[PDB]
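So the sequence lines, in the order shown, correspond to chains A, B, C, D and E. Just so we're aligned, residue 759 is where the first sequence starts under the numbering used here, counting upward by one. Just so we're aligned, residue 2 is where the second sequence starts under the numbering used here, counting upward by one. Just so we're aligned, residue 4 is where the third sequence starts under the numbering used here, counting upward by one. Just so we're aligned, residue 16 is where the fourth sequence starts under the numbering used here, counting upward by one. Just so we're aligned, residue 16 is where the fifth sequence starts under the numbering used here, counting upward by one. Since the structure comes first, as C-alpha cells, the remarks are kept for the end.
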Amino acid sequence: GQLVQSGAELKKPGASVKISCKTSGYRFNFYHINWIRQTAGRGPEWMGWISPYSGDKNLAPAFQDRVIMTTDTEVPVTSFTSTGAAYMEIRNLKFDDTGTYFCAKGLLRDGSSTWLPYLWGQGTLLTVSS
Amino acid sequence: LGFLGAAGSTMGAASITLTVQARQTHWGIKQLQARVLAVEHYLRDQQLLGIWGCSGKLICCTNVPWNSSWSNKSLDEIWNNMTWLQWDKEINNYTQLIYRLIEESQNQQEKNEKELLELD
Amino acid sequence: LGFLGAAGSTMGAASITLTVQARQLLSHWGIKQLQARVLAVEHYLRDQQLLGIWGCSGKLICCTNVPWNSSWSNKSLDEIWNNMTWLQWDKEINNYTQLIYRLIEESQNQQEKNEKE
Amino acid sequence: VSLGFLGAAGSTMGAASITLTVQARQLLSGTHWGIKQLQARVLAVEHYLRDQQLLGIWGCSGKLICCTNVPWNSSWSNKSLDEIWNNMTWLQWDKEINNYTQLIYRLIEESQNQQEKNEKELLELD
Amino acid sequence: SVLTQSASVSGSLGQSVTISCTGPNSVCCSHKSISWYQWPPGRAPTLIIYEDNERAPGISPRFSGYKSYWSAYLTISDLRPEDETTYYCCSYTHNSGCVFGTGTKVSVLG
Ligand SMILES: *[C@@H]1O[C@H](CO)[C@@H](O[C@@H]2O[C@H](CO)[C@@H](O[C@@H]3O[C@H](CO[C@H]4O[C@H](CO[C@H]5O[C@H](CO)[C@@H](O)[C@H](O)[C@@H]5O)[C@@H](O)[C@H](O[C@H]5O[C@H](CO)[C@@H](O)[C@H](O)[C@@H]5O)[C@@H]4O)[C@@H](O)[C@H](O[C@H]4O[C@H](CO)[C@@H](O)[C@H](O)[C@@H]4O[C@H]4O[C@H](CO)[C@@H](O)[C@H](O)[C@@H]4O)[C@@H]3O)[C@H](O)[C@H]2NC(C)=O)[C@H](O)[C@H]1NC(C)=O
Ligand SMILES: *[C@@H]1O[C@H](CO)[C@@H](O[C@@H]2O[C@H](CO)[C@@H](O[C@@H]3O[C@H](CO[C@H]4O[C@H](CO)[C@@H](O)[C@H](O[C@H]5O[C@H](CO)[C@@H](O)[C@H](O)[C@@H]5O)[C@@H]4O)[C@@H](O)[C@H](O[C@H]4O[C@H](CO)[C@@H](O)[C@H](O)[C@@H]4O)[C@@H]3O)[C@H](O)[C@H]2NC(C)=O)[C@H](O)[C@H]1NC(C)=O
Ligand SMILES: *[C@@H]1O[C@H](CO[C@@H]2O[C@@H](C)[C@@H](O)[C@@H](O)[C@@H]2O)[C@@H](O[C@@H]2O[C@H](CO)[C@@H](O[C@@H]3O[C@H](CO)[C@@H](O)[C@H](O)[C@@H]3O)[C@H](O)[C@H]2NC(C)=O)[C@H](O)[C@H]1NC(C)=O
Ligand SMILES: *[C@@H]1O[C@H](CO)[C@@H](O[C@@H]2O[C@H](CO)[C@@H](O[C@@H]3O[C@H](CO)[C@@H](O)[C@H](O)[C@@H]3O)[C@H](O)[C@H]2NC(C)=O)[C@H](O)[C@H]1NC(C)=O
Ligand SMILES: *[C@@H]1O[C@H](CO)[C@@H](O)[C@H](O)[C@H]1NC(C)=O
Ligand SMILES: *[C@@H]1O[C@H](CO)[C@@H](O)[C@H](O)[C@H]1NC(C)=O
Ligand SMILES: *[C@@H]1O[C@H](CO)[C@@H](O)[C@H](O)[C@H]1NC(C)=O
Ligand SMILES: *[C@@H]1O[C@H](CO)[C@@H](O)[C@H](O)[C@H]1NC(C)=O
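See below:
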C-alpha cells in the first residue's frame with residue numbers, strides 16, 4: 759500500500775492550488791482518504807476526508823468554505839487490489855495556509871475508527887509569496 | 002440484501018445475513034444428476050455440523066483455542082478489515098486441521114457429559 | 004397401530020404414534036429406479052429442511068412463538084384435539100398452511116438475531 | 016495419534032468410544048461406468064440418511080453419544096458393565112444383541128414420543 | 016489544539032516513559048477515543064495506538080496506552096534511541112474529525 763502526492767508548488771495569495779494523491783497496492787474504494795496539513799505555527803491539523811466509495815465528505819468548519827475534494831473512479835488490478843487517485847483543491851490561499859500537506863489511507867472498514875489514517879504519503883510543500 | 006449480497010462486506014458485517022444464505026430424455030438425465038449433486042452438497046455440510054454438535058445453529062462456538070500460527074491477526078483485523086473470501090485464503094492450509102480439532106473436542110465433551118450423568 | 008393406523012384417530016390420540024409414520028419415509032429402467040429413489044430422499048429432506056428453518060429440527064413436537072390467528076379457525080382446543088382427525092384438520096386450514104409456514108420462518112429469524120447478542 | 020478409519024474395530028468398546036468421530040466422518044465421502052457411479056452416489060446418501068432418520072426420531076440427532084430413558088433388559092444381556100465395556104469389541108457386541116436391535120429401537124422411539132408429549136404438557140401448565 | 020500535552024518528557028534508555036494528554040471534559044475523554052502518533056520533523060508520521068487501548072498493526076509490544084475520564088496517557092516501555100521523537104495525541108469519534116493536541120517531545124538521557 760502506497761500513496762504518491764503532487765510535488766511542491768509556489769503560489770500567489772488568493773490563488774487556488776490542486777494537490778493529487780495517486781494510490782496503489784490496495785483497493786481504493788475500501789478506505790477513506792484523509793487530507794492532513796502541518797504548519798509551524800499550528801502543528802498538524804485535520805482538513806477532512808472523502809470516501810472514494812460514496813463521495814461523502816466530512817470537513818472541519820475551518821476548511822468547509824475553502825476546500826473541495828474529489829476522487830477518480832478506481833481501476834482494478836487484482837480482485838483485492840486497485841489503483842486510483844484523490845484530489846483536493848484549496849481556494850483563496852493565505853500565507854497562513856503555507857505548510858506540508860499529506861495524503862493518508864484510512865485504517866479499516868466497519869470499525870469505530872474507520873477513517874483514521876494508517877498509511878501516509880511522504881507529503882509535499884506549499885509556499886505562498888507576493 | 003440477498004443471496005451472497007454480503008460477499009463484499011466485512012466478515013463482521015456479513016454475520017447478519019447468514020440466515021438468508023443458509024437457505025438454498027437427454028435433459029431428464031442431466032436433471033437427475035443435478036438433483037443428486039444438490040443433495041450431496043447439502044448433506045456434506047450438515048454431516049460436519051452434526052459431528053461438531055453445531056447442528057441447528059448458524060453460529061456455533063467451540064472449545065478449541067485459536068492457534069496463532071493459523072493467523073496472528075487481532076479480532077479487529079479479522080472481523081472488520083476482511084471479507085470472508087480473503088479470510089478463506091488465509092486459512093486454506095489449516096482448515097482441515099481445525100475441523101479435526103473441533104471433532105476431537107466434541108467427542109471429549111460428550112464423553113465427559115456422559116460421565117457426569119452416570120454420577121447423578 | 005401400524006403405518007397410518009392412527010389416521011382415523013383423534014388428533015390428540017394420533018400424537019402418540021408420530022414416530023410410527025416418521026420412520027419408513029425412507030425405505031432404461033435403471034434410470035426409472037433412481038428417479039424414484041432420489042424422489043423419496045428429496046421429500047424426506049424437504050421436510051427436514053423446513054424443520055431446520057423453523058428451529059424444530061430433531062423434535063417430533065415443536066412449540067413456536069407464532070400466535071394462532073382466530074380467522075384460521077375459531078374452534079376450541081377441546082373441539083380440535085378430541086373431536087377431529089388430522090385429515091380433517093388439514094382440510095380446514097389447507098388455504099392458510101403456506102401463510103403459517105412463512106410466519107414461523109419469520110419468527111425464527113427474529114430469534115436468531117436475539118441469540119447473537 | 017488417530018488409529019484411522021475402523022482402526023478402533025479391534026479395540027474394546029470403551030476405548031472405541033474415543034474414535035466415534037473418525038467413523039462418523041466420511042460416511043458420505045468414503046456410458047457403462049457413468050451409471051454405476053451415479054448408483055454409488057445415490058446409495059451412499061440413502062445409507063447415511065437411514066441412520067440419521069433413526070437419530071432424529073430418537074431425539075439423539077446432533078450427538079455422538081445419546082443417553083435415553085429406556086431401561087436395560089437382562090434378557091438382552093446378563094453381562095456386567097465391565098464384561099461389556101472392558102472385555103468386548105463392538106463387533107462382538109452387535110452379534111450378542113443382534114436379535115434385539117429392532118426391539119430396542121422401537122422402545123427408544125416410544126420413549127421419545129412420550130417424553131416430548133410430556134414436555135409440551137409441562138409448558139402448557141406454565 | 017484544545018488538547019494539551021507536557022512540552023517534553025525525559026528518561027534514560029530502558030526506562031519507562033509516560034506522556035499525558037488532557038483537555039476540557041467535553042473533549043476528553045468521555046464518549047471519545049484517543050489515538051497516538053509519532054511525528055518526526057520533515058517526515059510522515061507513524062501511528063502507534065488506536066482507541067487509547069490497542070497497538071496498531073506492525074507496532075512493537077513495548078508501546079501501550081491507558082484511559083481515564085479526566086485524561087489519557089501513552090507509555091513507552093524499554094525506551095530506545097529510535098523513540099526520541101515528537102509525539103501527538105488526537106481526540107476522535109466515529110462521527111467527528113481528528114483534533115490534534117499541542118504535542119510533546121521525548122528526550123533520551125545520557
Ligand atoms: C463497500 O465497502 C465500503 C468500504 O468502506 C463500505 O463502507 C463502509 O461502511 C461502514 C458501515 O458498514 C462505514 O462505517 C461507519 O461509518 C459511520 C460514519 O459514516 C460517515 O459516513 C456516512 C455516510 O457514508 C456511509 O453511509 C453511506 C450510505 O448512506 C455509504 O454509502 C457509505 O459507504 C458509508 O457506509 C455519514 O452518514 C456519517 O454521518 C455522520 O457524520 C457526519 C459528519 O459530518 C454527520 O453530519 C452525521 O450527522 C453523522 O454523525 C459519517 O460521515 C460511523 O458512524 C460508523 O460507526 C458506528 O458503527 C461501527 C460499526 O458497528 C461502530 O464500531 C462505531 O462505534 C459506531 O457505532 C454506532 O453506529 C452503529 C451503526 O448505526 C450502531 O450500531 C452503534 O450502536 C453505534 O450507535 C461506522 O464506522 C465505513 O465508514 C464505510 N467506509 C467507507 C470508506 O466509506 C460499504 O458499506 C461496502 N458496501 C456494502 C454494500 O457492503
Ligand atoms: C489389542 O489387544 C490388546 C490386548 O487386549 C490391547 O491391549 C490392552 O490395552 C489396554 C489399554 O488400556 C491395556 O490396559 C492397561 O494395562 C496396563 C497394564 O500394565 C502393563 O502394560 C503397560 C503398557 O505400557 C506396561 O507399561 C506395564 O509394565 C511396565 O511398567 C510396570 C510399572 O512400572 C512394570 O512393573 C513392568 O515391569 C513394566 O516395566 C504393564 O506391563 C495398565 O497399567 C493400564 O492402566 C491405566 O489405564 C487404565 C484404563 O484407562 C486405568 O484404569 C488405570 O488406572 C491406568 O491409568 C491399563 O489398564 C491392557 O493391559 C492391554 N492388554 C494387554 C494384554 O497388553 C490393545 O490395546 C488392543 N489394540 C487395539 C488397537 O484395540
Ligand atoms: C487492512 O488490510 C490491509 C491489507 O492487508 C492485506 O490484505 C488483508 C486482507 C490480509 O490478507 C493481509 O494479510 C494482507 O497483507 C492492511 O495493510 C497492509 O499492511 C502491511 C503492513 O502491516 C503492508 O505491508 C507493509 O508495507 C510496508 C510499506 O513501507 C513495508 O515496509 C512492510 O515491510 C510491509 O511490506 C501492506 O502493504 C498493507 N496492505 C497491502 C494491501 O499490502 C491494513 O493495515 C489493514 N488494516 C488494519 C487496521 O489492520
Ligand atoms: C374409531 O372411532 C371411534 C368412534 O369415534 C373411537 O371411539 C372412541 O375411542 C376413545 C378411545 O380411543 C374412547 O375414549 C374414552 O371414552 C371413555 C368414555 O366412553 C372415557 O372414559 C375415556 O377416558 C376415553 O375418553 C371414546 O369413548 C370412543 N368413542 C365412542 C363413541 O365409543 C375409536 O377410538 C376410533 N379408533 C381409533 C384407533 O382412533
Ligand atoms: C499451535 O500449533 C503448533 C503446531 O506445531 C503447536 O506446536 C503449538 O503448541 C500450538 N499452540 C497452542 C496454543 O496450542
Ligand atoms: C498455503 O499453501 C499454499 C501452497 O499450497 C501457499 O501458496 C500459501 O501461501 C499457503 N498459505 C499460508 C497462509 O501459508
Ligand atoms: C424384559 O424382557 C421381557 C422379555 O424377555 C419382557 O417380558 C419384560 O417386560 C421386559 N422388561 C422391561 C422392563 O421391558
Ligand atoms: C437369534 O435368533 C436365532 C433364532 O432365530 C438364534 O439361532 C440365534 O442364536 C439368536 N442370536 C442370539 C445372539 O441370541
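In this text, a Cβ means the ideal position worked out from N, Cα and C, and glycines have one as well.
In terms of side-chain proximity, the C-beta atom of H790 of chain A is found nearer than 7 Å to a non-hydrogen atom of ligand 1.
Using a Cβ distance threshold of 8 Å, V57 of chain D and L37 of chain C count as a contacting pair. Excluding its 5 nearest sequence neighbours in each direction, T27 of chain D has C-beta neighbours in its own chain below 6 Å: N101, listed in chain order.
At a beta-carbon threshold of 7 Å, the residues of chain B lying near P72 of chain E are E78, ordered along the chain. Residue side-chain check: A55 of chain D keeps its Cβ at 7 Å or more from all non-hydrogen atoms of ligand 4. Less than 8 Å separates the beta-carbon of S92 of chain E from that of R77 of chain E. Sequence-ordered contacts of the stretch 55 to 74 of chain C with chain B read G55, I56, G58, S60 and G61 [C-beta pairs closer than 8 Å]. In the three-state reduction of the DSSP assignment, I99 of chain D falls in the helix class, which pools H, G and I.
Short note on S90 of chain D: C-beta closer than 7 Å to some heavy atom of ligand 7. Distance from the CA of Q107 of chain D to the CA of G29 of chain D, rounded to the nearest whole angstrom, comes to 13 Å. With a cutoff of 8 Å on beta-carbon distance, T67 of chain C and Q127 of chain D are scored as not near each other.
Residues of the same chain with a CB within less than 7 Å of the CB of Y120 of chain D, apart from the 5 flanking positions on each side, are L69 in chain order. Rounded to the nearest whole angstrom, the CA to CA distance from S92 of chain D to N113 of chain B is 26 Å. Here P810 of chain A is buried, its C-beta having at least 16 other C-beta atoms within 10 Å. The alpha helix (DSSP H) runs of length 4 or more contained entirely in the stretch 781 to 856 of chain A are, from start to end of the chain, 819 to 822. Annotated as distal: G51 of chain B and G58 of chain C, with beta-carbon spacing of 8 Å or more.
At a cut-off of 8 Å between C-beta atoms, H109 of chain E counts as an interface residue with respect to chain A. Exposed is the label assigned to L76 of chain B, since fewer than 16 other Cβ atoms lie within 10 Å of its Cβ. Under a criterion of Cβ atoms nearer than 7 Å, no residue of chain A is adjacent to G3 of chain B; the nearest Cβ is some 19 Å distant.
At the C-beta level, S122 of chain E and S21 of chain E stay beyond 8 Å of one another.
With distances taken between CA atoms, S44 of chain D lies nearest to B:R45 out of B:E78, B:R45 and B:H27.
The alpha carbon of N850 of chain A has as its nearest neighbour, out of A:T831, A:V886, A:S778 and A:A798, the alpha carbon of A:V886. For the stretch 832 to 863 of chain A, the set of positions with a beta-carbon nearer than 7 Å to some beta-carbon of chain B reads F838 in chain order. Under the Cβ distance rule, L877 of chain A does not count among the residues neighbouring chain B, no pair being separated by less than 8 Å.
Restricting attention to beta strand (DSSP E) runs no shorter than 3 residues, the stretch 40 to 80 of chain D encloses none. In terms of side-chain proximity, the C-beta atom of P875 of chain A is found no nearer than 7 Å to any non-hydrogen atom of ligand 5.
Ranked by Cα distance from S870 of chain A, the first of E:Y88, E:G118 and E:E66 is E:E66.
Under the three-state reduction of DSSP, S122 of chain E is assigned to strand. Cα atoms of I103 of chain B and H62 of chain D: separation of roughly 25 Å, rounded to the nearest angstrom. Taking 9 Å as the upper bound on Cβ-Cβ separation, chain C lies near residues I50, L53, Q54, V57, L58, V60, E61, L64 and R65 of the stretch 35 to 66 of chain D.
Note that the stretch 856 to 871 of chain A does not touch the stretch 819 to 833 of chain A; fewer than 3 beta-carbon pairs, one per stretch, sit closer than 8 Å.
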